[PDB]
Amino acid sequence: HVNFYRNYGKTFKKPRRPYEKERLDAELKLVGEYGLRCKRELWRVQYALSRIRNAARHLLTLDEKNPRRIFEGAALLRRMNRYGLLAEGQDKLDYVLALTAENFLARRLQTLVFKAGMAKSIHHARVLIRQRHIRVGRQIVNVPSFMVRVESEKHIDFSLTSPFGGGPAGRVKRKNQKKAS
Amino acid sequence: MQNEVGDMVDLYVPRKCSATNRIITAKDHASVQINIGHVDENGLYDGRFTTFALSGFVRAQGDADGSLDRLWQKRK
Amino acid sequence: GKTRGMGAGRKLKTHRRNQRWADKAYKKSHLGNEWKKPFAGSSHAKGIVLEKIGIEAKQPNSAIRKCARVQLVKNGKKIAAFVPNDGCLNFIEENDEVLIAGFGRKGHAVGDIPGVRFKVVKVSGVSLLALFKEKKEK
Amino acid sequence: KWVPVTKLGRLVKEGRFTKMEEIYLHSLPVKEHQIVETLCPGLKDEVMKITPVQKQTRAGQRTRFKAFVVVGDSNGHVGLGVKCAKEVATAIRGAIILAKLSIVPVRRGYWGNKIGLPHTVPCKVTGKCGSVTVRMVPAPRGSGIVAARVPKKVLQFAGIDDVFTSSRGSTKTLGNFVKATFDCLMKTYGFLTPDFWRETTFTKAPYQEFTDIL
RNA sequence: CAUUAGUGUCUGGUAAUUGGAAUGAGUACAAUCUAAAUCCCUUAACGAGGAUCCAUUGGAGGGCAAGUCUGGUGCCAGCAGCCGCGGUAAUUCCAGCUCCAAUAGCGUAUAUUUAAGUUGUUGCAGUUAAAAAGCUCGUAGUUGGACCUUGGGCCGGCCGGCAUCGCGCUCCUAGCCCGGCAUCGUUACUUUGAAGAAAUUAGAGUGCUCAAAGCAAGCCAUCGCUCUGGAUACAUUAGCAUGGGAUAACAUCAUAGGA
RNA sequence: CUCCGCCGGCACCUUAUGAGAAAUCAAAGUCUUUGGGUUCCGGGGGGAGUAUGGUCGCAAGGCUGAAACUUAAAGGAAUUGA
Ligand SMILES: [Mg+2]
Ligand SMILES: [Mg+2]
Ligand SMILES: [Mg+2]
Ligand SMILES: [Mg+2]
Ligand SMILES: [Mg+2]
Ligand SMILES: [Mg+2]
Ligand SMILES: [Mg+2]
Ligand SMILES: [Mg+2]
Ligand SMILES: [Mg+2]
Ligand SMILES: [Mg+2]
Ligand SMILES: [Mg+2]
Ligand SMILES: [Mg+2]
Ligand SMILES: [Mg+2]
Ligand SMILES: [Mg+2]
Ligand SMILES: [Mg+2]
Ligand SMILES: [Mg+2]
Ligand SMILES: [Mg+2]
Numbered sequence: 003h004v005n006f007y008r009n010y011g012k013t014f015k016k017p018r019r020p021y022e023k024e025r026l027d028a029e030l031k032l033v034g035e036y037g038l039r040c041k042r043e044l045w046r047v048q049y050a051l052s053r054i055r056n057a058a059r060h061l062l063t064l065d066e067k068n069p070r071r072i073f074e075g076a077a078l079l080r081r082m083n084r085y086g087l088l089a090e091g092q093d094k095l096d097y098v099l100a101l102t103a104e105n106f107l108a109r110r111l112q113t114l115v116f117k118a119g120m121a122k123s124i125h126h127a128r129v130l131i132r133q134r135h136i137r138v139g140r141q142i143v144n145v146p147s148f149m150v151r152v153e154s155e156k157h158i159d160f161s162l163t164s165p166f167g168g169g170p171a172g173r174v175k176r177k178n179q180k181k182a183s
Numbered sequence: 001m002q003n004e005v006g007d008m009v010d011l012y013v014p015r016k017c018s019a020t021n022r023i024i025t026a027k028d029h030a031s032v033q034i035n036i037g038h039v040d041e042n043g044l045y046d047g048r049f050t051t052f053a054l055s056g057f058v059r060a061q062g063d064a065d066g067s068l069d070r071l072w073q074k075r076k
Numbered sequence: 002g003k004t005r006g007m008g009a010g011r012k013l014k015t016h017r018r019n020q021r022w023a024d025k026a027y028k029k030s031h032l033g034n035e036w037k038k039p040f041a042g043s044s045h046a047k048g049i050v051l052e053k054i055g056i057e058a059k060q061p062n063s064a065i066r067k068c069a070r071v072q073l074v075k076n077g078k079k080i081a082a083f084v085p086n087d088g089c090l091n092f093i094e095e096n097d098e099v100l101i102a103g104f105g106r107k108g109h110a111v112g113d114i115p116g117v118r119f120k121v122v123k124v125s126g127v128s129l130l131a132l133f134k135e136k137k138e139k
Numbered sequence: 044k045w046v047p048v049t050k051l052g053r054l055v056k057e058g059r060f061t062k063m064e065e066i067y068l069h070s071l072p073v074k075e076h077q078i079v080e081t082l083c084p085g086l087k088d089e090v091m092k093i094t095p096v097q098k099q100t101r102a103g104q105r106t107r108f109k110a111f112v113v114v115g116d117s118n119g120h121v122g123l124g125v126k127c128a129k130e131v132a133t134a135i136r137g138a139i140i141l142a143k144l145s146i147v148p149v150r151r152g153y154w155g156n157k158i159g160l161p162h163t164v165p166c167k168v169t170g171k172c173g174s175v176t177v178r179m180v181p182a183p184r185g186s187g188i189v190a191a192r193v194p195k196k197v198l199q200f201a202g203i204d205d206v207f208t209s210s211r212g213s214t215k216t217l218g219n220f221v222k223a224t225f226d227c228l229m230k231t232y233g234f235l236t237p238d239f240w241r242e243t244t245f246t247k248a249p250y251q252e253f254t255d256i257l
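Chains as they are written, first to last, in the deposited numbering: chain eb, 3 to 183; chain cb, 1 to 76; chain ga, 2 to 139; chain fb, 44 to 257.
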């Protein structure tokens with residue numbers, strides 16, 4: 003039975019200590035400020051960050067002129083720059099370890115829609131993205147955790163078929179017009 | 001010690017015992033710092049002295065006296 | 002002291018092999034007497050209720066702990082199972098099928114109930130939880 | 044007010060001391076807590092544990108409360124104070140004053156590369172109190188503090204950001220655990236590293252610079 | 001203004017307050033999907049006022065986050081992993097309210113890993129907490145003192161190439177009389193290489209709308225097709241080959257049977 | 001018999017710069033800064049040095065040596081009281 007060969011994986015991990023106030027409050031700060039739906043969204047960002055940090059630490063352990071260090075360091079730095087996760091002049095691979103989960107959270111399409119105007123709020127931005135209302139280059143994206151790249155940050159705008167940047171009105175805007183007539 | 005951009009990032013480089021080269025920590029209250037004065041000529045004293053530091057380890061072994069005796073025998 | 006020779010690998014490995022038997026967990030899992038236990042290396046087991054007995058609690062407490070003696074279908078052993086909730090003993094009747102699980106602590110008695118390491122979890126194909134919380138009836 | 048009773052206290056009141064490092068360099072015993080409270084502007088305190096101890100008597104058991112207070116600016120000074128008193132509030136007050144009296148320097152270092160601000164302990168360091176031994180190992184930047192709650196609070200008040208910690212003994216004895224952690228921090232400055240190989244140029248001690256004023 | 005007020009800031013909210021805007025859950029013409037259907041992706045028209053289109057599982061003494069609130073019961077019934085609670089003023093039972101954690105999921109049983117430096121090679125212990133055999137001898141086993149040049153220089157920009165007081169060559173490679181030749185002690189060790197299935201793991205590339213994935217795809221005038229990709233690495237032990245000869249094994253110049 | 005010195009014993013006294021949970025210890029030091037060599041031996045308290053099999057003994061017994069079950073502590077050092 004082929005299709006048994008399709009891979010799949012886990013994206014987050016629960017905390018070792020269930021109830022500690024300090025972590026609880028620190029996590030709720032982020033879940034509120036960035037308008038996330040639950041702790042799992044924060045924990046998957048942490049897990050992705052821990053992956054990239056283990057890679058960076060391994061490459062930093064080796065010695066320069068090691069072609070693995072060279073090749074993978076250039077690739078990892080390019081990946082970090084491509085998503086705006088790293089300022090200019092920072093391509094030293096020690097500034098990857100300094101990178102924070104707030105930086106990943108800052109690149110989600112929810113946060114960028116809020117930060118670009120268009121939203122008036124962080125929760126308005128989410129409900130705006132999950133209602134087919136926002137496009138990136140030409141495509142209607144409705145996943146708030148899209149993680150835009152720095153190149154495509156310019157072309158974000160409203161959809162051509164949402165009332166707020168497109169064409170025809172919605173259910174209720176038409177419904178009131180018909181009952182009015 | 002030094003940041004890689006030239007800066008000096010330690011605060012308070014400690015003193016080192018002049019007999020054993022051990023560090024004299026902030027909380028080592030058995031250490032002393034001796035200033036022995038320089039006699040030159042008529043009057044036989046101006047504000048010129050040489051300084052020696054002894055940590056609590058040496059002072060507690062008793063070897064402070066021998067160490068000081070041997071460190072004062074340096075000629076200039 | 003410990004052997005440290007380069008050519009001492011046999012001595013170290015055989016020594017660890019001998020000494021691991023001094024460890025109660027290793028010996029418990031590697032000696033085979035778990036297949037002689039009531040459940041025979043199982044999480045749960047089904048049984049028929051033989052009678053309802055009721056057991057006292059140990060000294061610092063004072064109460065009657067209401068348990069049902071069950072016979073295991075798979076092997077015919079006879080055990081006692083606590084019926085956990087207030088009034089759930091009245092759901093238990095005579096000669097009805099019952100699903101029993103462990104008590105926690107992996108075969109060791111829990112709390113103040115003397116010599117009982119099993120608990121009743123289902124009766125007549127219906128949960129004690131649903132009967133105590135009125136979600137389903139039998 | 045203050046009206047200090049020590050030579051250091053007098054020199055601090057006249058304001059001829061700006062940081063604590065000129066008292067650290069000369070290993071001077073700091074006997075009045077106000078000396079700290081001027082030289083360290085933003086020192087933060089925290090109660091970590093209140094523990095009741097008892098002595099048996101013919102009439103009954105006499106109870107006293109012992110407080111553990113860690114203090115420190117998160118920029119390289121920490122102190123730990125423990126105080127036993129008949130009432131929790133006065134035990135806490137005495138613990139604050141003792142913790143301020145005990146403030147010690149902690150040197151920070153880099154794990155692999157000397158970029159930016161120092162983040163870890165310089166090298167592997169250990170501390171012991173009673174049966175508890177605490178080991179602190181340098182960690183890569185951004186790796187957090189891998190330690191239990193007690194040493195984590197102590198290290199946070201120290202301004203160390205990344206460190207790998209290991210421990211042994213009865214850490215559930217919080218007294219010895221916290222004092223072992225403090226003892227581990229205080230000896231980061233007692234290890235002879237090649238950047239300390241340079242010969243020392245001695246300076247006049249504060250009792251000797253300010254001779255004419257006293 | 002901060003005086004003496006008073007309200008207005010980001011709205012924080014019991015507010016079944018008022019107000020429209022937005023949307024897909026559901027329903028469904030149609031097209032598409034498909035071997036035929038189906039689901040998805042597109043989509044006409046329907047489809048949201050908060051009683052419903054109604055979120056649960058466990059908890060609230062400590063560990064461990066969250067009530068010294070109100071009824072019931074009275075060492076009973078019951079809870080409780082452990083410590084413990086309940087004997088007429090229950091923070092622990094039975095319930096209500098309220099609060100807490102995770103959340104389309106959460107609880108329980110059993111097995112296993114972590115915690116566990118409580119199996120310890122790294123890395124634990126043995127006076128008194130468990131634990132030095134009553135004492136010595138002794139074979140295997142493990143362990144084993146020091147000692148025999150790469151030391152003094154040239155050489156070109158880490159190393160080659162020489163020279164000091166470098167056991168040889170006919171035969172393979174063989175400079176224009178000239179480096180750098182092979183058998184007349186073996187191994188461990190180390191260095192480099194070859195040959196090592198894929199899938200899995202790590203990892204390069206790539207916007208399946210994101211992701212888990214997959215091995216694709218991207219440009220053309222997104223016009224009679226262009227550029228393509230489908231890397232790379234890890235792989236203990238054993239076996240093959242290559243340089244090194246410090247460290248350590250095993251064999252061994254006093255019958256000179258030596259060259 | 002007196003004084004001095006060097007090896008080798010049985011020990012003792014004073015002291016941490018040491019170690020340890022401490023009592024204490026100049027070896028129980030040179031340990032998270034953990035690696036000189038080697039043998040025996042421990043892994044919560046009981047059950048239990050018990051049952052069983054083997055082996056040695058005239059015998060008493062010696063050596064070797066479990067499991068089921070049970071239990072939240074048993075224990076070491078020191079302190080204040082009684
Ligand atoms: Mg165990
Ligand atoms: Mg609930
Ligand atoms: Mg409850
Ligand atoms: Mg709790
Ligand atoms: Mg709490
Ligand atoms: Mg439970
Ligand atoms: Mg108890
Ligand atoms: Mg509870
Ligand atoms: Mg309740
Ligand atoms: Mg142990
Ligand atoms: Mg005894
Ligand atoms: Mg003993
Ligand atoms: Mg032998
Ligand atoms: Mg003698
Ligand atoms: Mg054990
Ligand atoms: Mg035992
Ligand atoms: Mg005693």
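All residues carry an ideal CB built from backbone N, CA and C; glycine is no exception.
Its chain contains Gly170, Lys171, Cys172, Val175, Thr176, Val177 as the residues whose beta carbon lies nearer than 7 angstroms to that of fb:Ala223, once the 5 sequence neighbours on both sides are disregarded; these appear in chain order. The closest CA to that of eb:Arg53, considering only fb:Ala248, fb:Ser186, fb:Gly202, is found on fb:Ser186. DSSP places fb:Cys83 in no beta strand (DSSP E); its state is neither H nor E. Between ga:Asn76 and ga:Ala41 a beta carbon distance of about 7 angstroms is seen, short of the 8 angstroms cut, so the two are scored as contacting. Residues of the segment 28 to 48 of chain cb with a C-beta atom less than 8 angstroms from some C-beta of chain fb are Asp28, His29, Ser31, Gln33, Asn35, listed in chain order. By the neighbour-count criterion, in which a residue is buried when 16 or more other Cβ atoms sit within 10 angstroms of its Cβ, eb:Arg39 is exposed. Interface annotation, fb:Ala110: not in contact with chain cb, CB-CB separation never under 8 angstroms.
Taking 8 angstroms as the threshold, the shortest C-beta distance from fb:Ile158 to chain cb falls below it.
Residue pairing from DSSP places fb:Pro148 in a beta bridge opposite fb:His120. Residues are counted here when their Cβ sits less than 8 angstroms from a Cβ of chain fb; for the segment 102 to 121 of chain eb these are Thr102, given in chain order. Approximately 37 angstroms separates the beta-carbon atoms of ga:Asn86 and ga:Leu32; this is outside 8 angstroms, ruling out the contact. For cb:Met8, the closest Cβ of chain fb is not nearer than 8 angstroms. In terms of Cβ geometry, eb:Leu79 and eb:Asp93 form a close pair [threshold 8 angstroms]. Neighbours of fb:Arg184 across chain eb, judged by C-beta separation under 8 angstroms: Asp96, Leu99, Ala100. Here the alpha carbons of fb:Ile139 and fb:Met179 stand approximately 26 angstroms from one another.
DSSP places eb:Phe106 in the uninterrupted alpha helix (DSSP H) bounded by 103 to 107. The beta carbon of cb:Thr20 sits no closer than 8 angstroms to any beta carbon of chain fb. Contact between the segment 170 to 179 of chain eb and the segment 43 to 62 of chain cb is absent, with fewer than three C-beta pairs closer than 8 angstroms.
About 5 angstroms separates the Cβ atoms of fb:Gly122 and fb:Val114, confirming a contact at the 8 angstroms cut-off.
Judged by DSSP in its simplified three-state form, fb:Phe234 adopts coil rather than helix or strand. The continuous stretches of beta strand (DSSP E) do not include ga:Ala26, which lies in the alpha helix (DSSP H) extending over residues 25 to 31. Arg55, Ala58, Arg59, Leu62, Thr63: these are the residues of the segment 53 to 64 of chain eb whose beta carbon lies less than 9 angstroms from some beta carbon of chain fb, given in chain order.
Counting C-beta pairs with one atom in each stretch, the segment 47 to 61 of chain cb and the segment 15 to 34 of chain cb have three or more that are closer than 8 angstroms, which means they touch. Between the segment 142 to 160 of chain fb and the segment 27 to 42 of chain eb, the count of C-beta pairs closer than 8 angstroms stays below three; the two stretches do not touch.
Membership of cb:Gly56 in the alpha helix (DSSP H) is indicated by the continuous run 56 to 61. Contact annotation: fb:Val193 and fb:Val149 have beta-carbon atoms that are not nearer than 8 angstroms. Between ligand 15 and ga:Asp24, a heavy atom-to-CB distance of less than 7 angstroms is present. With its beta carbon at least 8 angstroms from every one in chain cb, fb:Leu144 lies outside the interface. Under DSSP, eb:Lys175 forms no beta bridge with any residue.
Those residues of the segment 124 to 153 of chain fb placed with their C-beta closer than 9 angstroms to a C-beta in chain eb do not exist. Boundaries of the beta strand (DSSP E) around fb:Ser210: 206 to 211.
In the three-state reduction of the DSSP assignment, fb:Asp88 falls in the strand class. Taken atom to atom, the span from the alpha-carbon of ga:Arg11 to that of ga:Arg5 is near 11 angstroms. Neighbours of fb:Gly115 across chain eb, judged by C-beta separation under 7 angstroms, do not exist; the nearest C-beta is about 17 angstroms away.
The beta carbon of ga:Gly105 sits closer than 7 angstroms to at least one heavy atom of ligand 6.
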